[PDB]
Every structure is written in C-alpha cells, then in structure tokens.
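There is one chain below, alone, in structure tokens, taken in the form deposited in one PDB entry.
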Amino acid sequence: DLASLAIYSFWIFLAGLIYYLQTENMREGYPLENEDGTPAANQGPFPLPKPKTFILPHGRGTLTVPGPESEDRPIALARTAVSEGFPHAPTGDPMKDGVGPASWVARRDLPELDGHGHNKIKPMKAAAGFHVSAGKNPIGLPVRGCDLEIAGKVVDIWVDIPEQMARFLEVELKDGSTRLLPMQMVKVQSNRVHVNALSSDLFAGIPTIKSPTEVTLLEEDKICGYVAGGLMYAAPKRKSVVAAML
C-alpha cells in the first residue's frame, strides 16, 4: 500500500538523519578521553565526520574541525579517587587558576570584529552617537559586592555597536584602575549596581584588559569565567537574602 511504503521509508530516512546530526555534533570535544588525557577505549557507535574548514574573515585564518584539541594550558586539579567518575579537586585557588565554574578557554587574543572588520565592543565614550536610550543609566552608580560592601563605581558602559546593547560595565576600583563586569551578571538598582557573584575583596582579582579601548575574546572569557566562578567560590562572603533586604 503506498502509505505503508511511505512510513517505512520515513523511518529509514530519520535513522539516517539522526546519524548525520550526531556525527555533525562531534566536531568539537571528540575523541573522548579518560580522566588523564589518554584516548578512552569506548568512543561510542558514531564515527568522527570528515573535516570541514571555515574561512575566517580579515586575516583570522581558518578553522578545520574535527582536529587536535586546542587546550594545552595547565589545569590545576588533583585527582580525588583512583576510580574513574569522581571530582578532581582544585590544587590552588580555583578562581585564579581558572578551573571549575571559574574556567575560561584560551580564545583568540584579538577583539571580535563586526561585519565591516571593526571592533564589535567599544567603550561608550568612544562609540560616537551611542547613548543610554531607556532604563536607569548606571554610569556614576556605586557597585556593591555580595558582602554588601562597595567595590567601586561605574565609569562607563561598554557597548556592542552592531547589536546596540550594553555588554559590560566598566567599574573603577579603589586604586583607580578599572575592571569590566559582564552586564548579565549585574543588577542596576536606583542608587547602586549590585553584583551577586563577587564580594568587594574579589573585584581587584578580575582579569584586566591590555588596551583601555578594546577587549579580546581571550580577555572576555577570563573575565566572564572569573565572575561566574564567584557564585560557587565567593559563597562564604555572600550575605543572606535577609541581610541584604534591610
């Protein structure tokens, strides 16, 4: 019967499509490794896809995936048990060493570029014509950490020019240098910007940028990694919901 042939053919197609989709999703992270970097014996039933190459614009090279793993930085974690499957503990300071929820990836140390080859993110000082169009303007507010102590003041908003959005707040610290705080990790209130992830004492340890006017993907990953890592690691200094709504 025609409808019978059709549904049989469809399940054959669908089995094929799922094989394609899953192999396609193995272009990053595979081969799988044992907890000490050696190739794991069990690689599962799907093979690696043949390589594809992305030609990256403006002299950024090419990306060929699948390929050798790019991570080669030291990972400061001790094994906790001889058997596979258990946590690997921080050997030093997890926030500083860049492991666990404070991890970062060694992304390219150049800024992300817009379609016209210009820096995507720029301080609003330098972004001609950009201005706060709605909402509480945070520039000028004190920034309070989770220990309810002031860590600095917002001296600018760093803007994504093509998407026209606030990506970071530039915060000036007690010694006069600044750090960038991820916008989606701060709370702009009427008289303050509150950062739940970080106590005041941790603001100086935020990774710095090299140029005052641009941020590289590598810097962004270290900043965002560090700040999110504070939800686990700054938890001792985080005052209660009770203490803060007082």
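Only residues modelled in both forms are compared. The term rigid core refers to the maximal set of C-alpha atoms that superpose within 1.5 Å between the two forms. Start at 1 and count along the sequence shown; that's the residue number.
The same protein also has a form deposited in another entry, omitted here; what follows describes it.
Of the candidates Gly44, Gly205, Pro51, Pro212, the Cα that moves 2 angstroms or more after core superposition between the shown form and the other one belongs to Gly44 alone. Taking 2 Å as the criterion, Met26 counts as shifted between the shown form and the other one: its C-alpha moves by at least this amount when the rigid core is aligned. Relative to this form, the distance between the C-alpha atoms of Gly117 and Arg27 is increased by at least 3 angstroms in that other deposited form. Relative to what is shown, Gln43 and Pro49 are farther apart in that other deposited form; their C-alpha atoms differ in spacing by at least 3 Å. In sequence order, the runs of three or more residues whose C-alphas all shift by 2 angstroms or more between the shown form and the other one, with the rigid core superposed, are 20-44, 58-60, 235-238.
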